[PDB]
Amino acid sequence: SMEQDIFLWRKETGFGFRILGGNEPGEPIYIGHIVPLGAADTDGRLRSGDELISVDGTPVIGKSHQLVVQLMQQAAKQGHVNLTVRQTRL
């Protein structure tokens, strides 16, 4: 894999992706379910299984999903997000 930045404008339906892991610090955080026809799906770049490493410049590596909860709460509020993910070369 390799690190990629993915900026998404929020839609009325949201960003359209779920998260897995980071249940405790040190447990890796991954992109889970991507909502069909949602913002992430339509953009096309984000994939389930991509490892999340930062949100809007804030590193989430080794951190709790609770930090991501906070970061995505703000991402909702501002109506956009910039995700750094490790992605599979296709």
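Note that residue numbering follows the sequence shown and begins at 1.
- Among all modelled residues in its chain, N23 ranks in the middle third by Cα B-factor.
- Among the modelled residues of its chain, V81 has a C-alpha B-factor that falls in the lowest third according to the deposited record.
- Among the modelled residues of its chain, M72 has a C-alpha B-factor that falls in the middle third, as given in the PDB entry.
- Among the modelled residues of the chain, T58 sits in the middle third by CA temperature factor in this PDB entry.
- The entry lists a Cα temperature factor for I6 that places it in the middle third of the chain's modelled residues.
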